[PDB]
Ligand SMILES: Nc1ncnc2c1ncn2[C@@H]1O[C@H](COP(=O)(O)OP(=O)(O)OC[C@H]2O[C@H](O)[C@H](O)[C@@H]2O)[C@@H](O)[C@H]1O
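In the form deposited without this ligand, a lone chain appears below as structure tokens.
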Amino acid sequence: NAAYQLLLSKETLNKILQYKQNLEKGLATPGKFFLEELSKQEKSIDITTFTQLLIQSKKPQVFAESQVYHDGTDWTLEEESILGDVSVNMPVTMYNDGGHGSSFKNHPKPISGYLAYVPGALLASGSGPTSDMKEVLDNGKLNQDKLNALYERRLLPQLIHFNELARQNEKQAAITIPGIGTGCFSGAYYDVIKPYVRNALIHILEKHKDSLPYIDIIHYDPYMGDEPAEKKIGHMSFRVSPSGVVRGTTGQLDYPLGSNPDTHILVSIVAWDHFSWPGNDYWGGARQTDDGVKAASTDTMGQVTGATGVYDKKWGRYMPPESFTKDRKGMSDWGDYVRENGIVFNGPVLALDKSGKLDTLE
């Protein structure tokens, strides 16, 4: 029904069915936003609709690192532990290379590619401990293996999806990855989490090397905090190319070295968050963070809302349609558009079993 597609792992589906059963029995009260979205339909009892409504509770723009209290006021810890494992992919038209600020370079002809919003580990909050913190932290220390398992759970669905898609397109997949969960979703671990994320990526690609034959190039760019390097994981080329260390490196929304549109599909991973739509900050009109810049530099808003925006080259952002912004004062963001048109974030949802992708448990 929509243009995007949500994916989740198998342990995530186990948690989902456990939470649904505990809600059906009575020993679990939902969160405010989840119950809010529920109190708009007429059912309870179906699993994919439960998950779709839980995902619909997400708001267009949320500061996941300070604006959430992790209780009934917004989202419970079970709801958040589920939402943090939900990724969403979509076909996009990349208008520039994805550079931040004024560093973006407009593509002469816009590139056709794919985005995969994956929410990173949330290790910061203005209130109490988060679920991810309770998961990958052992007495303050950051557990490498637990973080690897978390990122595997959150990334393998999109990896296998784009593997199969590259197989269907008779091409290979070149995936550009940023410093996911490293900007400010790390809080007190910003100074140690980049090598942990690099090792998590390398471990995921080494553990499932034989299951991703059509993935060819992985272009990891944490801007800084890591040495530029090249590693050969089975048949794949994992390139750590920090843009602040290696000048002239290909942007996130551009084909890395050794890939081109004829022999490669261009897919880019986006640092998402637990409680926001794809684009987060740009839903408030700010072209910030990996999420916001990658959404503004593509037609993400057009794909989620269904509207037909127009890309502005002097500003490097996908602008809302002129029919909306016509008689408004000041700046009008896409959040105003979703509020005026009653647009909700809801789309098809799939899960990974012990092989392929489906939607039921068994």
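Residue positions are given as counts along the sequence shown, with the first one as 1.
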Query raised in the report: Unmodelled stretch from the deposited sequence between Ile45 and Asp46, which bin: none, 1 to 3, 4 to 9, 10 or more?
Result: 1 to 3
Report task. Please work out which of 195-203 and 177-185 has the higher mean CA B-factor as recorded in the PDB entry. Result -> 177-185
**Report entry** 35-43 or 296-304, whichever carries the higher mean Cα B-factor
**Finding:** 35-43
**Report entry** Which of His219, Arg287, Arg247, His264 ranks first by CA B-factor in the deposited coordinates
**Finding:** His264
Report task. Going by the CA temperature factor in the entry, name the top one among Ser241, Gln168, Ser81, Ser102. Result -> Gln168
Report summary line: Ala2: CA B-factor among chain residues, third -> highest
Query - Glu65 - Cα temperature factor, lowest/middle/highest third of chain - result: lowest
Query raised in the report: Based on the entry's values, in what third of the chain does the Cα temperature factor of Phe162 lie: lowest, middle or highest?
Result: middle
Query raised in the report: If you rank every modelled residue in this chain by C-alpha B factor, which third holds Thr51: lowest, middle or highest?
Result: middle
Query raised in the report: Which third of the chain does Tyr214 land in by C-alpha B-factor: lowest, middle or highest?
Result: middle
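From this point on, the text means the form solved in complex with this ligand, which you will not see here.
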Query raised in the report: Only one of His100, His107, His203, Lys171 has a non-hydrogen atom within 4.5 angstroms of this ligand in the deposited bound form; which is it?
Result: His100
Query raised in the report: Considering this ligand in the deposited bound form, which of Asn89, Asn148, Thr182, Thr76 comes within 4.5 Å of it through any heavy atom?
Result: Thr182
Query raised in the report: Among 208-216, 153-161, 269-277, 79-87, which stretch has residues whose heavy atoms lie within 4.5 Å of this ligand in the deposited bound form?
Result: 269-277
Query raised in the report: Using heavy atoms and a 4.5 Å limit, would one call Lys194 a contact residue for this ligand in the deposited bound form?
Result: yes
Query raised in the report: Though only this chain appears here, would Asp254 touch this ligand in the deposited bound form if you measure heavy atom gaps against 4.5 Å?
Result: no
Requested in this report: Spell out, yes or no, whether the shortest heavy atom distance between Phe63 and this ligand in the deposited bound form is within 4.5 Å.
Outcome: yes
Query raised in the report: Would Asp226 sit within 4.5 Å of this ligand in the deposited bound form, counting heavy atoms only?
Result: no
Query raised in the report: Taking this ligand in the deposited bound form, which residues along 286-301 bring a heavy atom to within 4.5 Å of it?
Result: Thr289, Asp290, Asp291
